[PDB]
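Enquirer: Handing you a structure now.
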Amino acid sequence: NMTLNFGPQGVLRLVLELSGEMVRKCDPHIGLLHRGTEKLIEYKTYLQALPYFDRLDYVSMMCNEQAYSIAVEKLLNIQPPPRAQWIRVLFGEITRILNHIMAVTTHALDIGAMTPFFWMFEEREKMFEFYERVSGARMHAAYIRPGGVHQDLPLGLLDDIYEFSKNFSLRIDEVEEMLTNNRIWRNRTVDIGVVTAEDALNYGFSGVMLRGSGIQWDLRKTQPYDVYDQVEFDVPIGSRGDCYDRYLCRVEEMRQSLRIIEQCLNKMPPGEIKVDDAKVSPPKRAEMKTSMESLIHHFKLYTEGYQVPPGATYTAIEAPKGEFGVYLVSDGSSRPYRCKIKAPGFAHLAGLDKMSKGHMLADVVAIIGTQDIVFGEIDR
Amino acid sequence: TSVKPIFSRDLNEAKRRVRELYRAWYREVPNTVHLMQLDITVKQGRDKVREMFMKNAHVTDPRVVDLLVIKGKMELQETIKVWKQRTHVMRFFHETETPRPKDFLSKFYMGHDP
Amino acid sequence: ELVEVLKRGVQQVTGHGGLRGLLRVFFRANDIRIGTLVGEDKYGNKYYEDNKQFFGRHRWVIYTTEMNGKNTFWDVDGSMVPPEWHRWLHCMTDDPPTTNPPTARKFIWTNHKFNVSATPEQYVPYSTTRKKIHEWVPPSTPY
Amino acid sequence: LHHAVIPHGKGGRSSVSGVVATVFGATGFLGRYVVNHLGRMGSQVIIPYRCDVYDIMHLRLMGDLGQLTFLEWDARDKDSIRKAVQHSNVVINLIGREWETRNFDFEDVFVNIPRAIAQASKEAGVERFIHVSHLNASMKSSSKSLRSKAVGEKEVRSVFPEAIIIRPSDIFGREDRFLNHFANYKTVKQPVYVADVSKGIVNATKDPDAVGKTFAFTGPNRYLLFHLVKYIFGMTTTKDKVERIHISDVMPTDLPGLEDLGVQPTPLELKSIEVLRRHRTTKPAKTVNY
Amino acid sequence: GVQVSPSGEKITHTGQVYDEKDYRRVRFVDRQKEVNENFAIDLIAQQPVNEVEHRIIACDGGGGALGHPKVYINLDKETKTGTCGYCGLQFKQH
Amino acid sequence: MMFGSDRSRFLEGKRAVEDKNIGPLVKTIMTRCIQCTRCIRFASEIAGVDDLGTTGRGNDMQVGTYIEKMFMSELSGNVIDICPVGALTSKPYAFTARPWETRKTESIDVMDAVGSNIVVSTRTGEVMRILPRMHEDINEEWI
Amino acid sequence: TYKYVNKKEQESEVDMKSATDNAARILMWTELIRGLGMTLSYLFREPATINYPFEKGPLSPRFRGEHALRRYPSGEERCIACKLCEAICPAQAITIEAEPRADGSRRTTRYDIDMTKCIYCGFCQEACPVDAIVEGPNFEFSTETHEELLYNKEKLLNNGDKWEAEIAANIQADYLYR
Amino acid sequence: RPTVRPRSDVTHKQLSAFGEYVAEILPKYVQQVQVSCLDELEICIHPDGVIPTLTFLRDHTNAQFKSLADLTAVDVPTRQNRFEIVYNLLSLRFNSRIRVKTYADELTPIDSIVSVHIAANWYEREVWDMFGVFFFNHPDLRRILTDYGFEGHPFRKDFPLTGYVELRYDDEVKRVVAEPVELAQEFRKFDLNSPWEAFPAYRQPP
Amino acid sequence: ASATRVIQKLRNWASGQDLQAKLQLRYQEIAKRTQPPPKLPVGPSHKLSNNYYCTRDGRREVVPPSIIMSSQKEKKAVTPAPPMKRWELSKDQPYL
Amino acid sequence: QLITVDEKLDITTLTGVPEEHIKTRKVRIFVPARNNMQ
Amino acid sequence: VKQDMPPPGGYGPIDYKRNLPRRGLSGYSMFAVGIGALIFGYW
Ligand SMILES: CCCCCCCCCCCCCCCCCC(=O)OC[C@H](COP(=O)([O-])OCC[N+](C)(C)C)OC(=O)CCCCCCCCCCCCCCCCC
Ligand SMILES: CCCCCCCCCCCCCCCCCC(=O)OC[C@H](COP(=O)(O)OCCN)OC(=O)CCCCCCCCCCCCCCCCC
Ligand SMILES: NC(=O)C1=CN([C@@H]2O[C@H](COP(=O)(O)OP(=O)(O)OC[C@H]3O[C@@H](n4cnc5c(N)ncnc54)[C@H](OP(=O)(O)O)[C@@H]3O)[C@@H](O)[C@H]2O)C=CC1
Ligand code: SF4
Ligand code: SF4
Ligand code: SF4
Ligand SMILES: [Zn+2]
């Protein structure tokens with residue numbers, strides 16, 4: 001039936017059974033990026049395992065650290081302080097912006113429009129600069145940890161973030177001019193990968209793939225976890241469930257992120273940054289080098305880390321790609337017994353076959369882009 | 001003691017499922033050396049199938065047999081549909097490694113292999 | 001406002017050691033800008049500055065033509081920048097050595113070495129721990 | 001024995017085999033297998049090269065980390081051979097051309113260079129030296145290559161009495177100058193496989209009953225040149241090359257053969273299919289004895 | 001200080017040298033052996049003994065932080081000095 | 001970590017103690033003694049020595065011998081396992097490893113004919129130390 | 001609070017005016033000339049490019065690059081062989097082996113790092129209670145063999161001696177945040 | 001307090017009431033209902049109640065547990081039925097979450113629920129590939145994350161971390177061959193668990 | 001900022017916006033490298049009295065699951081929670 | 001619907017573990033001794 | 001004596017909506033321009 005294998009030669013392998021130019025069967029293949037994160041974590045303390053989440057869904061990395069942090073804090077029965085919560089929200093929204101830039105621009109790239117990629121990855125560089133100024137790493141900042149945050153913000157960061165938020169709007173508009181009303185974009189996207197709300201639900205979708213079909217589900221307005229309950233923002237919903245609606249949703253999300261960042265900056269509180277419970281979060285170095293108890297706690301935390309009372313949780317985060325979850329099982333030990341990661345790309349790929357019904361070979365490459373398929377969160 | 005079964009009631013039905021699976025394999029084998037340009041001969045391939053079947057002959061449990069049938073069917077799928085490759089199929093013969101000699105002396109002389 | 005641009009350009013051209021220096025610069029560093037010389041390091045490199053350019057091009061360096069016995073007229077590496085100037089060139093600071101000098105400590109390298117990934121003076125690893133199990137040696141005379 | 005040599009391991013890439021081998025002739029066609037067989041069991045391998053570093057990159061992945069040491073040399077340059085033979089227990093020589101250049105005659109290649117190699121080996125204090133030659137090595141030979149080979153074997157034995165000469169026949173594999181030479185376009189042949197030859201050499205590298213001896217590595221079967229070339233064409237410029245072609249293979253009598261190292265012949269009727277499918281766009285050959 | 005062995009190899013700050021009969025010397029051929037020429041065991045000896053008018057003295061290495069944990073040393077044994085287990089410095093009671 | 005707090009309210013000066021020398025096997029850093037008397041009692045009762053004791057009173061008090069005596073018994077070496085802290089340590093094992101590195105096998109002695117149950121703690125394939133193992137019908141925590 | 005994207009507040013008008021406007025949009029290719037104009041505007045701006053080896057990208061005093069083993073002003077080492085770095089290193093990249101030195105001190109005989117295992121996370125310099133191991137600023141240390149990235153006490157001490165004039169300053173900058 | 005987590009009892013009440021609700025509707029297929037300190041509701045059941053219970057929770061008007069947030073397995077090799085199976089479910093009409101657990105072993109499969117939730121089509125394949133647990137009435141069930149010739153179930157507790165085989169390219173045969181595993185640095189097993197009890201509330205009796 | 005009025009007007013007309021106020025290249029508006037030194041606060045548990053861990057441990061305030069309907073040990077119909085309240089269209093911008 | 005299979009249980013052919021590591025081995029079941037240090 | 005990087009009295013206001021301008025002219029005028037050019041050319 002003109003079968004073919006497409007995608008490789010960047011870890012995707014589709015097996016496509018066509019009928020002429022139409023697409024009849026899409027069989028994705030998985031495990032080309034399966035490393036064994038969920039098993040390795042079982043041989044590592046609750047802190048030796050955090051980087052793995054920065055490495056999962058590697059375009060945000062901090063909405064990933066955040067889920068693990070919230071889960072371990074839910075187990076420990078502690079809560080981080082206001083300043084940490086606000087920093088964490090701010091940077092989660094920044095990661096949202098990064099992810100949505102990534103998605104829109106790689107979509108337009110795999111379709112053929114390539115200049116937004118270069119116009120926006122400069123902003124991505126300018127935000128990696130924040131990542132580095134706060135953590136020392138551009139992408140994989142092991143910066144958000146159970147108990148709050150590692151370090152405080154240097155003295156010239158909020159001003160820079162304000163200068164950036166000033167102009168990101170004009171940049172989004174620069175891109176929208178080219179893309180949103182272009183008849184060719186509308187022809188490539190409109191009425192593509194349509195999906196109804198009930199089938200989405202029963203397939204296990206989350207995020208833009210839900211609220212582009214008229215559903216109202218955002219895990220920040222519902223089941224909030226951080227101070228998000230103290231900040232205002234709108235949730236854009238769609239009407240037809242197509243790539244164009246999802247594009248517009250992601251754009252308006254990039255805008256609500258600026259709306260949230262203005263508030264986070266203006267309302268940043270003072271105080272500590274990590275729970276002052278030195279049996280969970282290490283003490284400062286001066287206290288470590290002058291006080292006995294603080295040094296003992298440092299030693300134990302960095303050799304045999306904090307112990308977590310047994311239990312189980314499922315903490316969901318409204319990540320840029322949807323509900324990111326962690327089923328975390330604990331024995332009364334320094335290390336976990338099981339950590340299962342729920343990623344949306346999983347169900348999205350699962351539903352790709354139905355979403356590619358009555359469509360050509362050149363519409364599948366856009367159906368994929370509309371899911372923001374990263375294979376780290378999938379293959380794990 | 002008493003159990004709950006899987007895809008069989010007794011080793012007879014289990015063995016006839018096994019024989020159907022062997023029919024399928026035996027028949028398909030040459031198409032593989034044709035599609036993917038393997039060096040080996042169909043005789044070698046068929047001897048290998050026989051060896052991999054008799055490797056699990058002592059088995060008695062209908063359930064332990066049904067599961068092996070399931071897994072062999074998975075492999076046959078992966079093979080008839082060209083998802084495996086020359087590499088995955090030649091990973092059965094071990095063309096690039098010497099075996100642990102089955103001799104107390106050949107073991108003693110080199111290592112602590114017991 | 002175009003003739004002023006042309007004037008800025010002609011001064012950018014003639015702002016070097018005539019045609020020879022202009023060619024040298026334009027062909028090693030594909031750039032003919034004019035900036036202020038904040039300093040020069042032991043190895044012959046120069047470091048220029050201009051605060052009206054944008055962030056990332058407001059500081060730069062002209063490497064030496066020779067470094068520890070090597071014709072660096074064409075071959076050039078960011079590994080040539082010693083630490084004190086590395087820290088000002090990657091904009092960790094607003095202050096260069098001349099005004100903010102480092103801490104004079106022995107056991108600090110006086111001569112900087114660049115990357116040696118393949119040179120004959122490169123790095124070869126090994127174990128630093130002595131022999132653990134000492135064997136038995138019998139005497140050199142029988143019975 | 002030095003503890004750095006005790007063969008600790010399980011016979012694998014990341015193991016130790018106690019074999020420190022300086023190998024000359026690795027950039028070629030048989031070294032490409034000798035080095036693999038040496039390294040995939042955990043041996044240290046010094047490789048001198050004269051080529052450019054690009055032509056020696058197919059060998060960096062056939063041995064574990066740190067076991068391969070690539071250094072440079074020049075046959076005419078002595079004191080570039082001490083570097084390589086020193087720090088070794090075994091030396092292997094595989095050099096040889098199928099033609100003559102300006103700087104290097106058959107005399108040089110097969111007599112003068114191996115002699116210096118063995119001299120430097122003895123000077124250093126190594127314990128094994130392996131030299132490879134042709135099966136038809138003989139002073140009475142239309143080809144002067146074989147003349148030089150049979151001279152160089154003696155010139156070697158005169159400095160390394162306990163050496164090990166190995167006379168295989170026309171070798172066939174991938175990137176070989178025999179089947180590809182035939183398919184580019186009175187005499188019986190018994191060819192042999194690089195895999196078998198390399199296994200034999202790497203086994204002799206340890207086997208204790210191989211010193212001061214010779215070995216004739218020949219296949220299991222024999223064929224008439226015409227039947228063999230027709231088999232080639234069915235499955236599908238040098239004077240000395242054509243001379244070595246138009247010579248039949250000896251049946252060496254009672255000489256320690258291939259099955260005395262432990263190896264077993266691999267018939268050409270099994271690897272021709274993999275060697276020849278590249279030259280595309282059948283029944284076997286009747287094995288005979290004269 | 002680096003002092004060479006018969007084979008011609010430099011010795012390290014922990015007395016490591018490939019025995020002249022060792023095959024592992026190959027890796028250094030056409031190359032070098034990376035060795036540090038500044039031996040702490042000597043650079044600290046080059047330092048003088050501090051003197052104090054108190055039988056107990058606290059050491060941190062310098063800056064409060066940037067040093068090491070504050071440790072207290074006794075100076076009742078005029079026979080020898082009081083050494084710090086972190087920095088190596090040594091004190092006396094006068 | 002379990003039953004104690006997480007910070008100090010002690011903003012005063014600590015104390016320091018003169019370190020003894022009581023043999024080639026036992027290293028003494030006596031500013032870590034928490035005055036528990038396990039060593040004194042072990043010696044007086046099991047080893048029948050009566051040469052350890054407490055000289056002084058108050059915080060100025062400390063443990064050991066009033067003189068430079070050496071503590072060399074057939075049982076000297078269990079004070080190491082019994083001292084809850086690192087005031088008494090083993091000079092051989094000094095600085096060679098840390099507990100979380102060791103792999104622990106359970107074996108027996110051959111030095112004598114008693115068969116004392118023992119633990120051998122290795123690291124990367126080397127034997128690092130030897131410990132007792134409770135067998136209340138043979139050795140009962142001693143070796 | 002929610003919003004609508006791709007939904008009109010109400011039906012439109014089929015007036016000749018709006019129909020002709022849409023027909024002009026279609027025929028005259030109006031919505032595309034605006035994209036052409038955006039590209040022209042970008043052509044007439046200044047690019048964000050930089051001469052790399054001469055102009056370097058900006059970093060922070062917290063950057064985590066190449067490793068270094070530090071010393072005290074006296075010149076004495078700092079590592080006391082406490083193994084917290086080896087115990088926290090997620091990738092199990094630090095191998096340590098210590099002994100008592102002839103001067104009776106806790107110092108290492110072996111300290112190896114594998115840069116093909118380090119994920120560059122900084123936990124080792126977060127744990128070091130003496131500020132002896134630091135993930136320095138350097139990032140330009142690529143190689144041609146996999147055997148030049150297996151570091152050791154000597155290489156790391158040389159890197160420390162090399163980069164201390166910068167590591168010390170960056171630590172002076174940032175040590176009040178940690 | 002500023003370092004401890006707040007504690008709302010309304011959710012505990014609601015979820016205990018719903019536990020009683022569910023358990024008295026399905027006295028069969030039900031056992032070990034429990035709501036925890038952190039206000040999460042688990043319902044343990046018999047392997048014969050999977051589809052009944054999932055359908056009830058999805059369709060029942062009071063429940064509307066539509067979204068299958070996750071499907072998981074968990075290996076506890078000290079109990080005869082060693083493979084715990086976990087369904088994490090979400091309802092939007094109530095803004096609620098629930099956990100439904102069952103048990104299994106080797107040779108004792110579970111019933112598939114692609115009829116109920118189609119998301120499971122891949123989660124169940126993943127469970128079969130990782131923990132070795134068969135499902136009845138699954139259209140396609142095959143290796144999804146592992147290689148094609150992989151023989152084993154690696155997310156168990158007895159399967160070694162580094163595995164049993166290892167891959168590399170060999171010039172002789174010009175392929176990526178598999179071989180036994182020979183590492184140049186054996187993974188180090190750090191024994192960390194402390195001898196001193198940290199949580200008495202979970203102290204088992206002797 | 002180093003461009004002539006003609007080019008500025010050309011680009012502004014081609015884009016429709018004003019760029020010389022929302023540029024993406026940074027010209028001295030940014031924070032100053034080499035900032036002064038900070039002095040961070042201290043948490044609330046840095047007291048010297050009334051700071052016992054028994055009151056503020058947390059991870060020991062946990063308790064095992066409160067089990068119900070263990071198989072070995074006319075009510076109304078309830079929901080796992082009161083039904084979700086639907087959302088309100090925004091006021092700033094409810095469309096596009 | 002129930003069957004009776006009283007023979008000993010074995011899953012060796014499903015574990016995927018090989019012969020070398022399933023017959024050439026010796027396992028130990030115990031309680032780890034207390035560290036006399038603590 | 002303390003300093004931990006908070007914001008001052010307040011940051012400026014920010015724009016997060018669209019500003020896509022209404023450009024061009026009317027279809028009637030565009031068609032008239034084109035047709036006038038066309039008729040001039042024909043004549
Ligand atoms: C290195 C130096 C290179 C220098 C290159 C210089 C190139 C100069 C070329 C001219 C530049 C034009 C760029 C576009 C400027 C942006 C215009 C804009 O924003 O408004 C658009 C506006 C935007 O409209 P709008 O969508 O925002 O709103 C109006 C919508 N309607 C009309 C439906 C109500 O659209 C127009 O008005 C289009 C006007 C032109 C229509 C006629 C073009 C089609 C007919 C072609 C005739 C034949 C070709 C004629 C040309 C011959 C020579 C090639
Ligand atoms: C005397 C009175 C009467 C006289 C008779 C004549 C009267 C005038 C008649 C009017 C003539 C109209 C102009 C003729 C061409 C029109 C072609 C056209 O309209 O194409 C339609 C097509 C889109 O169609 P559709 O998909 O249905 O629209 C979306 C529906 N919502 O659009 C397209 O797909 C076009 C795709 C374009 C993609 C590339 C665009 C590049 C543009 C670069 C600029 C080119 C400018 C011209 C260059 C000139 C060359 C020198
Ligand atoms: N195949 C056959 O027909 C038979 C072959 N043999 C023996 O097999 C051995 C190898 O065969 P083959 O692998 O085909 O040889 P190759 O020609 O494939 O490569 C042999 C090596 O010899 C080296 N070499 C040749 N001449 C010189 C020189 N003048 N100076 C330095 N190095 C030189 C080359 O190094 P570089 O590539 O770097 O130049 C080359 O790598 C030969 O010694 C031959 O006697 C024996 C019997 C039968
Ligand atoms: S056993 Fe140790 S802590 Fe106890 S009194 Fe003796 S030296 Fe002090
Ligand atoms: S920075 Fe590298 S070496 Fe240091 S702890 Fe992290 S992974 Fe290990
Ligand atoms: S943490 Fe620091 S002092 Fe301790 S072993 Fe590591 S480098 Fe040495
Ligand atoms: Zn000190």
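Naming scheme: A, B, ... for chains in displayed order of the structure tokens; residues 1 onward per chain; ligands 1 onward as shown.
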So which residues touch residue H:45 within 9 Å, counting only C-alpha atoms, skipping near sequence neighbours fewer than 3 positions away, as an MDAnalysis selection string?

Expert: chainID H and resid 28:33 48:50 53 100:103

Enquirer: Report as a PyMOL selection string all protein, DNA and RNA residues lying within 10 Å of stretch 35-42 of chain H, evaluated on only C-alpha atoms, omitting residues in the same chain fewer than 4 positions from it.

Expert: (chain A and resi 74-75+77+311-314) or (chain H and resi 5-16+18-19+86-88+96-101) or (chain I and resi 61-68+80)

Enquirer: Quick one: everything within 9 Å of residue J:14, counting only C-alpha atoms, minus sequence neighbours fewer than 4 positions away in the same chain. Send it as a PyMOL selection string.

Expert: (chain B and resi 64+67-68) or (chain H and resi 106+132+151-153) or (chain J and resi 10)

Enquirer: Create the file for the chosen residues now, containing C-alpha atoms and written as a PDB file, in the first residue's frame.

Expert:
```
ATOM      1  CA  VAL B  64       4.422 -20.894  31.143  1.00  0.00           C
ATOM      2  CA  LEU B  67       3.398 -17.010  27.582  1.00  0.00           C
ATOM      3  CA  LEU B  68       6.291 -18.387  25.532  1.00  0.00           C
TER       4      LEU B  68
ATOM      5  CA  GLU H 106       3.668 -13.884  36.641  1.00  0.00           C
ATOM      6  CA  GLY H 132       6.267  -8.653  32.238  1.00  0.00           C
ATOM      7  CA  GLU H 151      14.845 -10.679  26.337  1.00  0.00           C
ATOM      8  CA  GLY H 152      13.827  -9.533  29.799  1.00  0.00           C
ATOM      9  CA  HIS H 153      11.612  -7.237  31.839  1.00  0.00           C
TER      10      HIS H 153
ATOM     11  CA  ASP J  10       9.399 -22.024  37.553  1.00  0.00           C
TER      12      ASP J  10
END
```

Enquirer: May I have the residues of chain C within 6 Å of chain E, counting only C-alpha atoms, written as a list in words?

Expert: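 Only these qualify: residues 120, 121, 128 and 130 of chain C.
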
Enquirer: Could you give me, as a list in words, every polymer residue with an atom at most 6 Å away from an atom of ligand 4, counting only C-alpha atoms and all ligand atoms?

Expert: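 Using only C-alpha atoms and all ligand atoms, I find these residues within 6 Å of ligand 4: residues 33, 34, 35, 36, 37, 38, 39, 83, 84, 85, 87 and 88 of chain F.
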
Enquirer: Okay, now the selection with N, CA and C atoms, as a PDB file, in the first residue's frame?

Expert:
```pdb
ATOM      1  N   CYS F  33      35.859  13.081  72.887  1.00  0.00           N
ATOM      2  CA  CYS F  33      35.281  12.212  73.898  1.00  0.00           C
ATOM      3  C   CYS F  33      34.049  12.867  74.504  1.00  0.00           C
ATOM      4  N   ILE F  34      32.959  12.113  74.559  1.00  0.00           N
ATOM      5  CA  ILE F  34      31.737  12.560  75.200  1.00  0.00           C
ATOM      6  C   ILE F  34      31.593  11.952  76.594  1.00  0.00           C
ATOM      7  N   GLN F  35      32.701  11.517  77.186  1.00  0.00           N
ATOM      8  CA  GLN F  35      32.744  11.019  78.555  1.00  0.00           C
ATOM      9  C   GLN F  35      31.603  10.037  78.825  1.00  0.00           C
ATOM     10  N   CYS F  36      31.629   8.920  78.093  1.00  0.00           N
ATOM     11  CA  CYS F  36      30.637   7.872  78.292  1.00  0.00           C
ATOM     12  C   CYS F  36      31.153   6.730  79.153  1.00  0.00           C
ATOM     13  N   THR F  37      32.469   6.539  79.223  1.00  0.00           N
ATOM     14  CA  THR F  37      33.146   5.575  80.090  1.00  0.00           C
ATOM     15  C   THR F  37      33.107   4.157  79.540  1.00  0.00           C
ATOM     16  N   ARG F  38      32.679   3.966  78.291  1.00  0.00           N
ATOM     17  CA  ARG F  38      32.649   2.623  77.729  1.00  0.00           C
ATOM     18  C   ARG F  38      34.037   2.005  77.714  1.00  0.00           C
ATOM     19  N   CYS F  39      35.056   2.793  77.373  1.00  0.00           N
ATOM     20  CA  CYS F  39      36.418   2.274  77.343  1.00  0.00           C
ATOM     21  C   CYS F  39      36.865   1.840  78.733  1.00  0.00           C
ATOM     22  N   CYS F  83      33.729   2.775  71.287  1.00  0.00           N
ATOM     23  CA  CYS F  83      33.666   4.225  71.363  1.00  0.00           C
ATOM     24  C   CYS F  83      32.639   4.729  70.357  1.00  0.00           C
ATOM     25  N   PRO F  84      31.510   5.276  70.811  1.00  0.00           N
ATOM     26  CA  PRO F  84      30.486   5.737  69.862  1.00  0.00           C
ATOM     27  C   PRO F  84      30.985   6.785  68.893  1.00  0.00           C
ATOM     28  N   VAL F  85      32.103   7.440  69.196  1.00  0.00           N
ATOM     29  CA  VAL F  85      32.598   8.551  68.397  1.00  0.00           C
ATOM     30  C   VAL F  85      33.993   8.231  67.887  1.00  0.00           C
ATOM     31  N   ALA F  87      36.784   9.403  68.719  1.00  0.00           N
ATOM     32  CA  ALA F  87      37.862   9.741  69.639  1.00  0.00           C
ATOM     33  C   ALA F  87      38.929   8.657  69.641  1.00  0.00           C
ATOM     34  N   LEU F  88      38.512   7.398  69.698  1.00  0.00           N
ATOM     35  CA  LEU F  88      39.395   6.260  69.488  1.00  0.00           C
ATOM     36  C   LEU F  88      39.146   5.718  68.088  1.00  0.00           C
TER      37      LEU F  88
END
```

Enquirer: What is the atom CA of residue D:53-atom 25 (C, counted along the ligand's line) of ligand 3 distance in Å, reported with one decimal?

Expert: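 Atom CA of residue D:53 sits 16.3 Å away from atom 25 (C, counted along the ligand's line) of ligand 3.
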
Enquirer: Chain I near ligand 1 within 12 Å: what's each residue's closest atom pair and its distance in Å to one decimal, counting only C-alpha atoms and all ligand atoms, ordered by chain then ascending residue number, as a Markdown table?

Expert:
```
| residue | atom | partner | partner_atom_place_in_ligand_line | distance |
| --- | --- | --- | --- | --- |
| I:7 | CA | ligand 1 | 2 (C) | 11.4 |
| I:10 | CA | ligand 1 | 15 (C) | 9.2 |
| I:11 | CA | ligand 1 | 15 (C) | 9.4 |
| I:12 | CA | ligand 1 | 19 (O) | 9.9 |
| I:13 | CA | ligand 1 | 19 (O) | 7.0 |
| I:14 | CA | ligand 1 | 16 (C) | 4.7 |
| I:15 | CA | ligand 1 | 19 (O) | 6.7 |
| I:16 | CA | ligand 1 | 19 (O) | 6.7 |
| I:17 | CA | ligand 1 | 19 (O) | 10.5 |
```

Enquirer: Hey, can you spit out that residue selection with N, CA and C atoms as a tab-separated table (two decimals), in the first residue's frame?

Expert:
```tsv
chain	number	residue	atom	x	y	z
I	7	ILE	N	16.29	55.27	7.27
I	7	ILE	CA	16.19	53.82	7.46
I	7	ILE	C	15.21	53.50	8.58
I	10	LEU	N	11.83	53.88	7.10
I	10	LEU	CA	11.59	52.78	6.17
I	10	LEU	C	11.19	51.51	6.92
I	11	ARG	N	11.97	51.12	7.92
I	11	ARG	CA	11.68	49.90	8.65
I	11	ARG	C	10.37	50.02	9.43
I	12	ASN	N	10.10	51.19	10.00
I	12	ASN	CA	8.87	51.37	10.76
I	12	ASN	C	7.65	51.31	9.85
I	13	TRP	N	7.76	51.82	8.63
I	13	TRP	CA	6.64	51.73	7.69
I	13	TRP	C	6.46	50.31	7.19
I	14	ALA	N	7.56	49.61	6.94
I	14	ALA	CA	7.46	48.23	6.46
I	14	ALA	C	6.91	47.30	7.53
I	15	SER	N	7.14	47.61	8.80
I	15	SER	CA	6.67	46.75	9.88
I	15	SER	C	5.30	47.14	10.42
I	16	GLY	N	4.97	48.43	10.41
I	16	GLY	CA	3.75	48.91	11.01
I	16	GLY	C	3.89	49.33	12.46
I	17	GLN	N	4.97	48.95	13.13
I	17	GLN	CA	5.22	49.28	14.52
I	17	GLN	C	6.37	50.27	14.62
```

Enquirer: What residues have any atom no more than 10 Å from ligand 2 when counting only C-alpha atoms and all ligand atoms, and can you list them as a PyMOL selection string?

Expert: (chain A and resi 181-184+186-187) or (chain G and resi 22-33+36) or (chain K and resi 31-32+34-39+42)

Enquirer: List all protein, DNA and RNA residues that have at least one atom no more than 6 Å from any atom of ligand 3, counting only C-alpha atoms and all ligand atoms, and write them as an NGL selection string.

Expert: :D and (25-30 or 49-51 or 75 or 94-97 or 104 or 109 or 132-134 or 168-171)

Enquirer: Let me make sure I understand: among A:213, A:167, A:99, A:281, which one has the smallest atom-to-atom distance to chain F if we use only C-alpha atoms?

Expert: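 Using only C-alpha atoms, the shortest distance to chain F belongs to A:281.
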
Enquirer: Using only C-alpha atoms and all ligand atoms, find each protein or nucleic acid residue lying at most 6 Å from ligand 7; present the set as an mmCIF file with C-alpha atoms, in the first residue's frame.

Expert:
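Output contents, as saved in selection.cif:
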```cif
data_model
loop_
_atom_site.group_PDB
_atom_site.id
_atom_site.type_symbol
_atom_site.label_atom_id
_atom_site.label_comp_id
_atom_site.auth_asym_id
_atom_site.auth_seq_id
_atom_site.Cartn_x
_atom_site.Cartn_y
_atom_site.Cartn_z
ATOM 1 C CA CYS E 59 41.717 28.323 63.191
ATOM 2 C CA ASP E 60 39.542 28.879 60.126
ATOM 3 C CA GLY E 61 42.086 29.380 57.310
ATOM 4 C CA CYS E 84 45.411 22.093 62.205
ATOM 5 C CA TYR E 86 42.495 21.164 57.700
ATOM 6 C CA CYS E 87 45.081 23.776 56.689
#
```

Enquirer: Which residues come within 12 Å of residue F:51, counting only C-alpha atoms, excluding same-chain residues fewer than 2 positions away, as an NGL selection string?

Expert: :F and (22 or 39-45 or 47-49 or 53-55 or 63-73)
